[PDB]
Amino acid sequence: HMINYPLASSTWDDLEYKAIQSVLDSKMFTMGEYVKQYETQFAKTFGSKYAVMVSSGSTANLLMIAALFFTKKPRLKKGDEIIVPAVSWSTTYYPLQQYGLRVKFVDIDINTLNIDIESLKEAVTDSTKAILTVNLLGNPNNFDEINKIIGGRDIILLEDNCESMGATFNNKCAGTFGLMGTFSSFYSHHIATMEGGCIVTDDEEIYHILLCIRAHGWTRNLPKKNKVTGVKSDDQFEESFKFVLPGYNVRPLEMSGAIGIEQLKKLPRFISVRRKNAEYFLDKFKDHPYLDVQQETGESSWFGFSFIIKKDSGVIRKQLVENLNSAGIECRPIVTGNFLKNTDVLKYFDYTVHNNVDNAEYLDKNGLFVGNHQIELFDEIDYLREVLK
């Protein structure tokens, strides 16, 4: 089928192409100046003390988890219990498996698409070591409630903010609530640097650990006085060749950093347009006869538009999809649907399901999603509405 209303689009203009050119002219392609400047603007934009740019949102999630094992007083141990929602991207879960964590799956709230608060209440026990929240499709989690659950205990809160860059809750930026928050700059995300991801944090030790684990486990990117090795020697013959933590090579490219700088400047505008489209969309689908929309928490950055076929509406997903496609509208499942359906990969995990994941299953069979862009889509929205009659 020929597609006229696509999920994705370009966020770039001449500015980004000019930024690539500068990099080319510099003849310095390895992670450097631009990446650093990008990191600095990144932390500033979102209201976090530190930011570390990585190769992808997936590698951001990887470093996020790994980091916890390397604190002077390790924050995590093999076998520790971590709670996650049943709907998210695959790379939200893999690192948990890769680090030998015990995973506890919690159902989602069918209206918000986020972790079900009532379920979470019950799922958290004395054994819960961390909670890994995911801000789905631009919609932030209700952190106030989440915080009420933790009730001051020593439970780490983490956020995969790969789909909700720019969302806010209580006037605070999503991604900044947790000990760490991850973002993604892959093609067609709120911003795009070809490939790219970021980790934000306010913790200095964690920040130093990240700088180390991102590139070979060395000390080259650490300050003379750092929280990992304390004080770096002055003998570079020695110093430059020391390895202290079991890391990776997940450095981003300088180009991505330079592009990111341009993208960040435009973010306020992107969020604005996306939010205006959302408004229009909600108005148009307000009392839809057989489709429910996502219920907003705080100020969502509306990554895209989800629809859930109403219970006993007798509407069949398959037809809708055909219908949309035939109409030139691109569509997809809501992320990966119920992650628990992936039995082959789950064989590798040490996990458990809290209660049931009835909502996740429902969504899995009755949900779908269409794109939202940083471009006015009023016409596309009128048409979509027309098609979904």
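Numbering starts at 1 and runs along the sequence shown.
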Looking only at C-alpha temperature factors in the entry, 207 to 215 or 68 to 76, the higher average sits in 68 to 76
Could you check the entry and say whether 146 to 154 or 90 to 98 has the higher mean CA B-factor?
-> 146 to 154
Can you tell me which of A192, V103, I131, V293 has the highest Cα temperature factor in the record?
-> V293
Per the entry, which of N141, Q236, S301, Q263 tops the list for Cα B factor?
-> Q236
Quick tally, chain-level thirds of C-alpha B-factors: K365 sits in the highest
Rank-wise, by C-alpha B-factor, drop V250 into the lowest, middle or highest third of its chain.
-> lowest
Lowest, middle or highest third of the chain for the C-alpha temperature factor of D109?
-> lowest
Chain thirds by Cα B factor, record data; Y34 belongs to the middle
Tell me, lowest, middle or highest third: where does the Cα B factor of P85 rank within its chain?
-> middle
